[PDB]
S.K.: 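Please find one structure pasted underneath; my questions will follow.
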Number of protein chains: 2
Amino acid sequence: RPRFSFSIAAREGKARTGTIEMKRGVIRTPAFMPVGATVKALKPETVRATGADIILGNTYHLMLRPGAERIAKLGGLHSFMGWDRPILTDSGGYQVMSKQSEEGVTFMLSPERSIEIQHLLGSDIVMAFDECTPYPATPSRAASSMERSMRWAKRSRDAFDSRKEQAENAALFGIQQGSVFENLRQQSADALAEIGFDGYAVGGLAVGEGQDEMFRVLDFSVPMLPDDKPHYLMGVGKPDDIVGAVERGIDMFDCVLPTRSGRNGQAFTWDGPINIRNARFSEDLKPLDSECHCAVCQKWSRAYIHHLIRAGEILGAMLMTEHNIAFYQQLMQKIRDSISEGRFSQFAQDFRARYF
Amino acid sequence: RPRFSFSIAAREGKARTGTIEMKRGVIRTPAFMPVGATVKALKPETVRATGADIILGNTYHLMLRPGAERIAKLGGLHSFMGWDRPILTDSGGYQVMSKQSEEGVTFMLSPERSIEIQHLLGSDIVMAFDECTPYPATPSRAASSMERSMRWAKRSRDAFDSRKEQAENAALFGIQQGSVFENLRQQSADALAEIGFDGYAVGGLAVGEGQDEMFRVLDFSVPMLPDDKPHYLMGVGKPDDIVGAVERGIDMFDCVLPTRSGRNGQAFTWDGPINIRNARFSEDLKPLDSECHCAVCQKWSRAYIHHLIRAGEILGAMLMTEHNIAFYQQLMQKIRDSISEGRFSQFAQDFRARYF
Ligand SMILES: [Zn+2]
Ligand SMILES: [Zn+2]
């Protein structure tokens, strides 16, 4: 397999469906990447069984303990965790800034160290070290922030390219900033493209602006990215967010909602989310969802999961989390197929009429 | 299959190996029964994969929530949890008493209600409602306690036998009390046998007396039970306890140690237990145990599990617990085979020289 190849097999409007080929495996796009030294409460085989092709490696926690160098000593994150498929590592910056300088962030994490850490973990897809601009932001602060990020983008690329083994086997994504301002988004897209990356993320959204605002910015911002490269909307999100995003040209997603929300009693369904802790589910013998193909909906009822979650049982987290990650993957498959058959617009309208 | 059949296929000294056949499945004896509306942090298929033939149903918690009647409404514990094999339910008394009267315990749980609850849960093996005598106990208090238990034993049998469906499909075990006193143990064994039960438990041990004392009492007490019926040592215990107990004629065991201890960082190994949280394991690429056949020892290292447990990760509990339950079952298989080939005494000496 090549180091990195993105091919689009079908389109409808702005939406695309296809594949990213990498040495460790093929990624079906639009893709949802579950967030992780584990994906909470799940074995990798379980994650794989749900249909995940790739997972997102939580660099900030790992960097802490057991540490990037230790994991490298132990053989890399893949071996450590037992996942042999692609891993996208974030740069550690979002969570750090959640003392700032041109060098990087003291809390010292810089683009160079960020790249080195992701290399030590053995990431397949490395993110450039950026700064997610707070919302709201004034045009000046938005610009100043973006401009620094573009500088950090160049250092990341140079850093990445300076390590032979990393450049030959991994891929590097660049991240667009510019808050909600078109001119700034364009300047950012221009800079990233001149540097050159394997993929392009849309940064700085899912920061408190709301869906209407997020979609308006995606409307002008995603066409600014190279068409022939994957488009990654960072930290999004709810089902309805992913559908609308795909409608605007996004190929990739990461979010903690399925996992976090799962342990909290929220289950995703085609008729919308439910909180299984509700008394209404105490004797409901139906599965979490009507149509879900997951193992959980195959073998346990609402009633059981309700009790487990009410009880604080670990098994509760496990089952809720497995269903939710399966549901997200099923969502992506439906997105992929509907695009493939040129029926995505209707799927997106049918999805929303039922989900809401 | 019959409602209940115990057959001994081999012996060595006091030790026996064989099978209990029941409608829901065969139990290989000596048996270890993992303790549970779940077996913490494990799916039933995982429990089964470790080699468990039967699990112990925690009546006291279930009785609380979601309640015995609700579970019956939902189809019984087997369906609820997703375990289709035999289930032994305790009577709820140990944990309750951990206001006393001849009727039962107010906290009101009586032999009659205890039996009814176990019936509502759909237990395959029902325990009589007893009172585990505190240790130490004077001969008078030991006697008074035992005598009440024998009375409660008779009510349990009558209760059980009064429900056609329960008597036709389940089995009933009686429990020996008498603290550490031989004469009292004999009187208890006599009473239980005159009433008649499908199996006989040795109650009132594993209460703070220590192994030397527990073994001395087992030495005279287990031969007091009917030879042709299974012998269940309640709430035991560590590996070394189970070996010595089997040496004295015990066929069945339950204990929380594998599960509890697992979530706490204690892993069982053939060279003795280890606490995986120890810094020494931070870069140890070996599996928890040298020879264990479990899936965990197949795929993850000490280092990884150490980090997970240090991190408070659910996956940590899951893996530690699966290994520990697998280790206990592997212990039982080795016990069963060694007995089968008449080499148990040497296995017990080889086990202890290595384990200690
Ligand atoms: Zn499901
Ligand atoms: Zn093991």
Side-chain angles (χ1 to χ4, degrees), chain B residues 1-12 14-20 22 24-36 39 42 44 46-58 78 83-90 123-127 170-175 197-203 205-206 218 222 225-237 239-256 258-259 268 294 324 326-340 344 347-348 351:
Chain B
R1 248 195 257 82
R3 175 190 71 83
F4 193 86
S5 170
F6 177 55
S7 5
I8 302 167
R11 346 176 141 245
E12 192 184 325
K14 287 170 162 193
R16 316 96 72 79
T17 185
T19 49
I20 305 168
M22 304 197 62
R24 274 195 199 267
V26 181
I27 302 152
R28 289 165 292 177
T29 62
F32 180 76
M33 314 180 277
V35 177
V39 167
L42 297 188
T46 305
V47 176
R48 182 38 189 186
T50 62
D53 296 326
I54 171 167
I55 64 175
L56 197 150
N58 188 342
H78 293 272
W83 176 269
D84 64 9
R85 279 185 184 269
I87 298 176
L88 186 158
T89 50
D90 93 288
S123 184
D124 305 281
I125 300 186
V126 182
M127 305 306 300
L172 183 63
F173 282 30
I175 307 169
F197 294 91
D198 296 305
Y200 298 84
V202 175
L205 292 174
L218 282 165
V222 181
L225 311 174
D227 185 78
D228 68 352
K229 316 281 250 259
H231 306 142
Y232 168 31
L233 183 55
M234 304 199 82
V236 175
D240 45 302
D241 292 324
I242 298 171
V243 175
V246 162
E247 289 180 288
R248 294 165 172 80
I250 298 306
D251 307 298
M252 294 163 82
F253 304 89
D254 86 276
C255 187
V256 297
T259 30
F268 290 98
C294 97
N324 277 345
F327 180 85
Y328 268 58
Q329 295 299 334
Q330 284 171 88
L331 173 59
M332 302 324 290
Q333 193 60 65
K334 281 189 178 83
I335 285 170
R336 292 197 290 265
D337 291 343
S338 79
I339 295 173
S340 283
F344 180 53
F347 167 75
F351 164 76

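The chains referred to below are lettered A, B, ... by the order of the sequence lines, with proteins before strands, and numbering in each begins at 1. For the numbers below, each heavy atom of this structure counts, side chains included, while hydrogens, waters and symmetry mates do not.
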S.K.: Taking atom CE of B:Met127 and atom CG of B:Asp90, what is their separation to the nearest 0.5 Å?
M.R.: 8.5 Å
S.K.: Between B:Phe197 and B:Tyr200, how do the two ring planes meet: parallel, tilted or perpendicular, split at 30° and 60°?
M.R.: perpendicular
S.K.: Between B:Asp53, B:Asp84, B:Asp124, which is the residue that forms a salt bridge (charged side-chain N to carboxylate O under 4.0 Å, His left out) with B:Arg24?
M.R.: B:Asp124
S.K.: Would a 4.5 Å heavy-atom cut-off, applied to side chains only, mark B:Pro34 and B:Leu56 as touching?
M.R.: no
S.K.: For B:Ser123, give me all partners under side chain to side chain donor-acceptor pair (under 3.5 Å), at least two apart in sequence or on another chain.
M.R.: B:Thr89
S.K.: Which pair of heavy atoms, one from B:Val246 and one from B:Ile339, lies closest together, and at what distance?
M.R.: CG1-CD1, 4.0 Å
S.K.: Applying side-chain contact (heavy atoms from CB on, under 4.5 Å), can you list everything that pairs with B:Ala171, at least two apart in sequence or on another chain?
M.R.: B:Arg3, B:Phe4, B:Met22, B:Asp198
S.K.: Just do the side-chain contact (heavy atoms from CB on, under 4.5 Å) check on B:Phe173 and B:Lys229 with the steps written out, would you?
M.R.: CA-CA 10 Å; B:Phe173 282 30; B:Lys229 316 281 250 259; over 6 Å; no
S.K.: Which heavy atom in B:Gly249 sits nearest to a heavy atom in B:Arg16, and how many Å separate them?
M.R.: O-NE, 3.8 Å
S.K.: With rounding to the nearest 0.5 Å, note down the distance linking CD in B:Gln329 to CZ in B:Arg28.
M.R.: 7.5 Å
S.K.: Suppose we screen for side-chain contact (heavy atoms from CB on, under 4.5 Å). Which residues come up paired with B:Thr29, at least two apart in sequence or across chains?
M.R.: B:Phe6, B:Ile20, B:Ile27, B:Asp251
S.K.: Out of curiosity, B:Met234 CE to B:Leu88 CG, how far, rounded to the nearest 0.5 Å?
M.R.: 7.0 Å
S.K.: Looking only at heavy atoms, which two atoms of B:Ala326 and B:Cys294 are closest? And how far apart?
M.R.: CB-CB, 3.5 Å
S.K.: Could you grab the distance from atom CG of B:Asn324 to atom OG1 of B:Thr259, nearest 0.5 Å is fine?
M.R.: 8.5 Å
S.K.: How close do B:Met252 and B:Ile125 get, counting heavy atoms only, and between which atoms?
M.R.: CE-CD1, 4.2 Å
S.K.: Looking at every non-hydrogen atom in both residues, tell me the closest pair between B:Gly235 and B:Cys255 and how far apart they are.
M.R.: O-SG, 4.0 Å
S.K.: May I ask you to test the B:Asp254-B:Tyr232 pair for a side-chain heavy-atom distance under 4.5 Å?
M.R.: yes
S.K.: Using 0.5 Å steps for rounding, measure from the NZ atom of B:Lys14 to the CZ atom of B:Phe344.
M.R.: 12.5 Å
S.K.: When you look at B:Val243 and B:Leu331, which way does the side-chain contact (heavy atoms from CB on, under 4.5 Å) test go after all the steps?
M.R.: CA-CA 9 Å; B:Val243 175; B:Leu331 173 59; 4.3 Å; yes
S.K.: Compare every heavy atom of B:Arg48 with every heavy atom of B:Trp83, then report the nearest pair and how far apart it is.
M.R.: CZ3-N, 3.9 Å
S.K.: Could you go through the side-chain contact (heavy atoms from CB on, under 4.5 Å) check for B:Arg11 and B:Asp227 one step at a time?
M.R.: CA-CA 12 Å; B:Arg11 346 176 141 245; B:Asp227 185 78; 2.5 Å; yes
S.K.: Take B:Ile335 and B:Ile242 through the side-chain contact (heavy atoms from CB on, under 4.5 Å) test and state the conclusion after the steps.
M.R.: CA-CA 10 Å; B:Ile335 285 170; B:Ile242 298 171; 4.1 Å; yes
